[PDB]
Number of protein chains: 2
Amino acid sequence: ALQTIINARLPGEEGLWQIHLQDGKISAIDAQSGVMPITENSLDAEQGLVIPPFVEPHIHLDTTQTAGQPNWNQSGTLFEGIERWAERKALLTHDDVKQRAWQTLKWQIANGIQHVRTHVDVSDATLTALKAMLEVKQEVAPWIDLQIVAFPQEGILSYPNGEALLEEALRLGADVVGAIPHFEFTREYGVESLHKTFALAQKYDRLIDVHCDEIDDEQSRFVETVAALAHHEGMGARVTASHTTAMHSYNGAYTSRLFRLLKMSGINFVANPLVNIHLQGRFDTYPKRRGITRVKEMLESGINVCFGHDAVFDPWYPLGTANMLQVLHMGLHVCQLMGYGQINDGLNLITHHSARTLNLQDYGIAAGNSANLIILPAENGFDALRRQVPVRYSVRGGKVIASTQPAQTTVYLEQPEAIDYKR
Amino acid sequence: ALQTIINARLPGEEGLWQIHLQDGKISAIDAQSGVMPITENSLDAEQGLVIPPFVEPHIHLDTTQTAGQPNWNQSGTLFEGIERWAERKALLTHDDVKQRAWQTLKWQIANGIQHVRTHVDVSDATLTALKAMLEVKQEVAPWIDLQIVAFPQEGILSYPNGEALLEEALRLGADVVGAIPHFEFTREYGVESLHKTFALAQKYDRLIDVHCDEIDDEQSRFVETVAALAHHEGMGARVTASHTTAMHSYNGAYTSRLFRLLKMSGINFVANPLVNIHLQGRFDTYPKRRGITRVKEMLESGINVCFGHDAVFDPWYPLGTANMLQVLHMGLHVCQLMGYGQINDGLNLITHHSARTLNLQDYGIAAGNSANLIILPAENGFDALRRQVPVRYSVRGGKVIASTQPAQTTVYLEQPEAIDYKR
Ligand SMILES: O=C1NC=C(F)[C@H](O)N1
Ligand SMILES: O=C1NC=C(F)[C@H](O)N1
Ligand SMILES: [Fe+3]
Ligand SMILES: [Fe+3]
């Protein structure tokens, strides 16, 4: 029955703070002028950093843990990945999807992630994975608020009954409408697919998250239609453009023109560093492009951008432990957001910016909000990122739902010495 | 009460000529076999060059003289320019627009310009600048025939009530319908905006002048729609594509295909050398492209192309004295039209070709035409351009409306010597 979080550091704030908890919510936040004593019912942050929970804005829980089944993606490309997934999709069973999704979700809970948006392939007349995921959503609710995107992986207009299946998925309860314009057979189908996606989102009052321009094609500009339709409907807050890796290859003049619309539209952007560095640049010899969208410029322009893990051991990515600080680490390097302040503020890319992408209404350390927060054994964002620290405690509804007793490293010199990699 | 212009040289003609004037018109033109004596009622061209008036086919009189108000365009780009202008547009007043427009118009009269096409931003519900410019048009009529383009600077489909405001501007009397497809939110809005522009021009029997592809984007090809719609409606003579700077970046194969249509369509092209060299190439590091449309190739293909000043001390250009020979000088250098004949024929780019762009019906030194002409103290186009000569006399309706007493330079060597920079 926790009543207070004491000795907490907060990003962008000086000193220590006390967070009072009442009835599963944050009742008040007060600055401390020194270190407070521990006591029963008090969770001691020990001058560590307290932040709202990590968020996973983009993952594929229906494909997670399937890498190599029945075959491996040899080329390491998005296109072969979809082909390898199609082979696995034909072998799906309800229980298998639930088991694999739950395996990755447990890693996420352990990693302080309390909000997850999973795409689920609905280019499947049986909607096997979707039915399984809707059950997982209910089962995992005490620990993670899971959003499900009805993702038409093989296209809306380019797959048999694609539009009907996408709508069926919404009627079954999917929270977000997906699309993949660059995978449609033609540019015209791509644009038309977006009009259909927006019409469905307005008909059912759902969010939108488009796999948008995930291709090293300087002519893949579906993002301008996503932003324009959102602006026209006055619904930018409910819309997300995932990937936009083609933007890495656009000329600068078009990008500058486009940025005005991106800002005016208010839509969100998701970059997936671990997967993008792996799948993009595969058609270059040397030099080889990085292939991540224009994260640095978006931040400078005040456009909301955040980071997702995208895949965890599946056709598009052979690694991962569903760790957001690891995703952030890769993104900061590839996007060259390596200034001290840029690294320190990096936490926003896996917390607040992602919460905005998911249109969350109860997020942040503020009075009145649910007591959902995590404690990192680090002094600030820079320190947490540099040392790739685990989540010491994850609190949800005012209760501890995960904890990590840190590793203990000792070197035996003339005398034993504890090493914590700090300075 | 001038009755004759004597000792006149004419471009492309040998010898001297006499131009007889009667009732404000040119009654006859006769060759001379020698130098004629001066006499009362005779304006002596003194073997200088006589040409129809200079023309300014593209200028923004509503923004002229506002550079730095309230802020400067730091990046030197078209996009920031529009943003800086938006800030100034919110501060417009009727009298301020009239005063600034008249300041630049007086410089134009002094520079022998008797025909001017000004764009006026109509992405403004108050249409403040347009109302002011319609009054200026009437006031300046004795000296300059001013055409007003209803220019939807912030887009037709991408600005609130953009189409209604564009039509309102035509109902108030604007002479030309404008558009800016590359600034619309999407390629589809760009193309649609052109269909709407042409429909308005046919509904009101007005000319068209599109700010077309003014961007270093090799995919900005709105010019093909402008030309195709003009060809379909059989109205090329009434249509102009301004800038087309993207053409500088097109691959050669597409450009060759496009050129057939450009020629067949009969539309006009305006290049704005002083502004284009400044605003284009801003997204390149090194090498840096010039960014002017394909003027040399247009001339070789018989496509009508001409030069405008575009801006005089405003968001898009911090310099200028509204001097067409200076605009021509820049264009010849950047477009590499540096052969003797190319330079000598350069005057066509600021006289006859521009008159065609404005669809002028009374222009040129020919019997029956109004006696509107200017006298340059130079032997030919090459000489006028090299020495950047002023306009000795500007005649309109058979009367002198401007004159420049040339500067007198002397060097004091062993004896004083007059220097005129001639050879
Ligand atoms: O279309 C896609 N499917 C799965 C992925 F992991 C990648 O995000 N893109
Ligand atoms: O769109 C534009 N507005 C103003 C200029 F000077 C430039 O011609 N382009
Ligand atoms: Fe994905
Ligand atoms: Fe212009």
Side-chain angles (χ1 to χ4, degrees), chain B residues 53 55-66 85 89 92-109 113-154 156 159 162-180 196-198 200-212 238-243 268 270 272 306 308-312 314 316 322 354-363:
Chain B
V55 178
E56 170 51 272
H58 188 130
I59 193 279
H60 295 258
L61 294 178
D62 59 335
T63 67
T64 194
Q65 312 292 172
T66 68
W85 167 240
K89 177 163 55 173
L92 293 179
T93 73
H94 186 83
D95 288 350
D96 177 59
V97 170
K98 296 184 72 180
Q99 199 282 155
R100 289 184 292 97
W102 256 114
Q103 175 170 36
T104 293
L105 285 159
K106 289 181 184 182
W107 294 2
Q108 292 178 306
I109 296 171
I113 295 77
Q114 291 185 32
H115 297 282
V116 176
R117 171 176 285 177
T118 183
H119 293 260
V120 176
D121 184 354
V122 294
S123 293
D124 176 355
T126 71
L127 297 173
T128 296
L130 178 66
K131 291 181 292 183
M133 207 62 65
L134 285 162
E135 291 183 3
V136 173
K137 173 177 175 177
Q138 288 174 160
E139 295 169 2
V140 78
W143 304 281
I144 286 177
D145 189 339
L146 183 68
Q147 288 186 187
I148 292 65
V149 186
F151 173 48
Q153 175 76 91
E154 299 188 42
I156 293 293
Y159 185 81
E163 195 180 354
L165 287 171
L166 178 59
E167 183 162 8
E168 183 177 0
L170 299 180
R171 289 188 291 95
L172 289 165
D175 307 289
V176 190
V177 196
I180 187 174
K196 290 174 179 294
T197 295
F198 274 78
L200 283 168
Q202 292 296 64
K203 179 175 178 181
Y204 291 91
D205 190 11
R206 303 292 159 84
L207 305 178
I208 291 295
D209 191 319
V210 178
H211 267 69
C212 199
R238 293 163 56 209
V239 180
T240 296
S242 282
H243 291 297
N268 304 286
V270 176
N272 297 116
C306 65
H309 193 126
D310 199 3
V312 174
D314 81 3
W316 303 277
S354 301
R356 181 172 177 186
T357 293
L358 268 56
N359 201 218
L360 302 185
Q361 307 297 305
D362 184 359
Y363 184 92

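Hydrogens, waters and symmetry mates are skipped; everything else that's a heavy atom, side chains included, is used. Every chain is numbered from 1 and lettered A, B, ... according to where its sequence line falls, protein lines coming before strand lines.
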Heavy-atom closest pair (B:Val122 atom, B:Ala169 atom, distance to 0.1 Å) is CG1-CB, 3.7 Å
So B:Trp316 and B:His60, would you call those rings parallel, tilted or perpendicular, with 30° and 60° as cut-offs?
tilted
Donor-acceptor pair, B:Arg206 side chain versus B:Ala174 backbone, under 3.5 Å?
yes
Which heavy atom of B:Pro152 sits nearest to which heavy atom of B:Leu166, and what is that distance?
CD-CD1, 4.2 Å
Separation between OG1 of B:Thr197 and CD1 of B:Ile180, rounded to the nearest 0.5 Å:
11.0 Å
Any non-hydrogen side-chain atom of B:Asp62 less than 4.5 Å from a side-chain atom of B:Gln153?
no
Between B:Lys89 (side chain only) and B:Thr63 (backbone N and O only), is there a donor and an acceptor less than 3.5 Å apart?
no
Would the distance check show the side chain of B:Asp310 and the main-chain N or O of B:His58 forming a donor-acceptor pair, the cut-off being under 3.5 Å?
no
Heavy atoms of B:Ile113 and B:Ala322 approach each other most closely as CD1-O, 4.1 Å
CD-CH2 distance between B:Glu56 and B:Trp107, expressed to the nearest 0.5 angstrom
13.5 Å
Any sub-3.5 Å donor-acceptor pair from B:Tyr159's side-chain atoms to B:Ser123's backbone N or O?
yes
How many angstroms lie between atom CD1 of B:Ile59 and atom OG1 of B:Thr118, to the nearest 0.5 angstrom?
5.0 Å
Please report the C-alpha distance between B:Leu146 and B:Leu61 in whole Å, then the side-chain angles of each, then the deciding distance to 0.1 Å, and finally whether the side-chain contact (heavy atoms from CB on, under 4.5 Å) criterion is met.
CA-CA 11 Å; B:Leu146 183 68; B:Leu61 294 178; 3.9 Å; yes
Please name the pair of heavy atoms, one in B:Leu170 and one in B:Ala150, separated by the smallest distance, quoted to 0.1 Å.
CD2-CB, 4.4 Å
Are B:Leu165 and B:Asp124 packed together at the side-chain level, in the sense that at least one heavy-atom pair is separated by less than 4.5 angstrom?
no
In this structure, CE of B:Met133 is separated from CD of B:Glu139 (nearest 0.5 Å) by 11.0 Å
Validation row: B:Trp143, B:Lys106 side chains within 4.5 angstrom (heavy atoms):
no
Could you tell me whether the side chain of B:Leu134 reaches within less than 4.5 Å of the side chain of B:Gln138, counting heavy atoms only?
no
Is there a side-chain contact between B:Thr240 and B:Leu207, using heavy atoms and a 4.5 Å cut-off?
no
Heavy-atom pair with the smallest gap, counting every atom of B:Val270 and B:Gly308:
CG1-N, 3.9 Å
Return the minimal non-hydrogen interatomic distance between B:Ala355 and B:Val55, and the atom names on each side.
N-CG2, 4.2 Å
Look only at the side chain of B:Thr64 and the backbone of B:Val312, and say whether a donor-acceptor pair between them is shorter than 3.5 Å.
yes
Within a strict 4.5 Å, meaning less than it, do heavy atoms of the B:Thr93 and B:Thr128 side chains meet?
no
If only atom types and distance count, is the side chain of B:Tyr363 paired as donor or acceptor with the main-chain N or O of B:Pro53 below 3.5 Å?
yes
Between the OG1 atom in B:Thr126 and the NE2 atom in B:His94, the distance rounded to the nearest 0.5 Å is 12.0 Å
Just by modelled atom types, is the B:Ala129 backbone N or O under 3.5 Å from a matching donor or acceptor in the B:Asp121 side chain?
no
Between B:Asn359 (side chain) and B:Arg238 (backbone), is there a donor-acceptor pair under 3.5 Å?
no
Any idea how B:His211 and B:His243 line up, ring-wise: parallel (<30°), tilted (30 to 60°), or perpendicular (>60°)?
tilted
Is the backbone N or O of B:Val176 less than 3.5 Å from a side-chain atom of B:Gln147, with the two atoms forming a donor-acceptor pair by type?
no
Inter-residue atom distance B:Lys98.NZ - B:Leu105.CG, 0.5 Å rounding
12.0 Å
Would you mind telling me which of B:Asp175, B:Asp145, B:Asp209 makes a side chain to side chain donor-acceptor pair (under 3.5 Å) with B:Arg117?
B:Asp209
Could you tell me if the side chain of B:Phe198 sits less than 4.5 Å from the side chain of B:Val239, heavy atoms only?
yes
Does the side chain of B:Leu92 reach to within under 4.5 Å of the side chain of B:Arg100, using non-hydrogen atoms?
yes
